[PDB]
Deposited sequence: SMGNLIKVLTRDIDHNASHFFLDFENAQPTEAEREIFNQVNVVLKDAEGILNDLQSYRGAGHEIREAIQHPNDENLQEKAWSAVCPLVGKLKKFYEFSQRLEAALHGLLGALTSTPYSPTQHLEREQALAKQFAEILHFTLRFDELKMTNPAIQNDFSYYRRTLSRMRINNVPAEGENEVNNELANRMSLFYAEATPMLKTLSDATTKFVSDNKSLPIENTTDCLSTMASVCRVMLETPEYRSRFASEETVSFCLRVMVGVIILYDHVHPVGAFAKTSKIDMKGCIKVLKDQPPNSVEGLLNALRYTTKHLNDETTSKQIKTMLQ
């Protein structure tokens, strides 16, 4: 049922572009999925506004550089402050939305990693939740791809913190030092949303001591192979691979690979791993470079076991 797993994960997304929530009537969640599907779909619904606010993040680099150049001109200091404050408000909204992804992820993992059923049976029984999990990873990579290309995010927040301290000594919606420290560590990450999801998955394995870790890791590796097989077999490429479906599974694949590398003890590159690392990197390399470079850079730096001595030198050359 490799073909069925592909149709389940890639259903109603060709006729659906740039939407992360699932239509309740179209997804058809079972009675056991209803309470989790509704809660996660509320987060996925708000995920569109988060991504559009990041696409519209213009930055305040122009006003900041003029204020730094003329530091005694209070009009330029107030103009830069008036431009950076609503941008910091967006950054505060992005970080708080990352906390909502952790709550929705626990509900999905708790249902997709039940004790008796296998990973393949879970993705077929809980189709609506399995589809929601892929949408969370789809938004996660798409958010981080934009953040990696926008250097004004860290520059605007760093200027905000420096100005706030030397403005709260000289002369409600403001950001306290405790929240600012967590936000600074959040945006210092290469993939902030993916690092957040990676820690939440490690938390889920830790919170369920009586649950075998394979129920979680083999769930990630199953989804990775579903996307890899469809993208590398022309018999499935001529049947499902569209620009919307390819870009969807490219980001789902890289997402579960990085989660698997942080959760599985030996990592995603070791000889006991279940991820076909060579096959996954090849799929990314066979794509136009401009639409994958953000995903490749995630594998070069965000990963945990890439630079290990156990990791094959063959894939290290692929990732160069």
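- Going by the record, the unmodelled stretch of the deposited sequence is 172 to 176, and nothing else is missing.
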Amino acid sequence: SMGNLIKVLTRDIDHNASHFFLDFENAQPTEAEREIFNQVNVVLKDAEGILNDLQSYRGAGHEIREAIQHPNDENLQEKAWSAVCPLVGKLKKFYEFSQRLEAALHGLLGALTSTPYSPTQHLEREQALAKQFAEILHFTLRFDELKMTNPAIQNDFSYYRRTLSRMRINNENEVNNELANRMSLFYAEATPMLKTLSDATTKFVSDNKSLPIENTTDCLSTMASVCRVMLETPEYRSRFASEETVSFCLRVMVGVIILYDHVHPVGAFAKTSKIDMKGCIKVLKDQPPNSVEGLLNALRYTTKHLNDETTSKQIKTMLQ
From here on, numbers count along this sequence of modelled residues.
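- The PDB entry reports B-factors from which the mean C-alpha value can be compared for 207 to 215 and 186 to 194; the larger average falls on 207 to 215.
- Of the two stretches examined, 131 to 139 and 233 to 241, the record assigns the greater average C-alpha temperature factor to 233 to 241.
- Of the candidates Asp156, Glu124, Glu96, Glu145, the deposited coordinates give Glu124 the top C-alpha B factor.
- Comparing the listed residues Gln55, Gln69, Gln39, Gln287, the entry records the largest Cα B-factor for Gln287.
- Compared with the other modelled residues of the chain, the Cα B-factor recorded for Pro151 ranks in the middle third.
- Per-chain ranking of the deposited C-alpha B factor places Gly107 in the middle third.
- Split the chain's modelled residues into thirds by C-alpha temperature factor. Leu101 is in the middle one.
- Ranked by Cα temperature factor within the chain, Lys274 sits in the lowest third according to the deposited record.
- Per-chain ranking of the deposited C-alpha B factor places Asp261 in the middle third.
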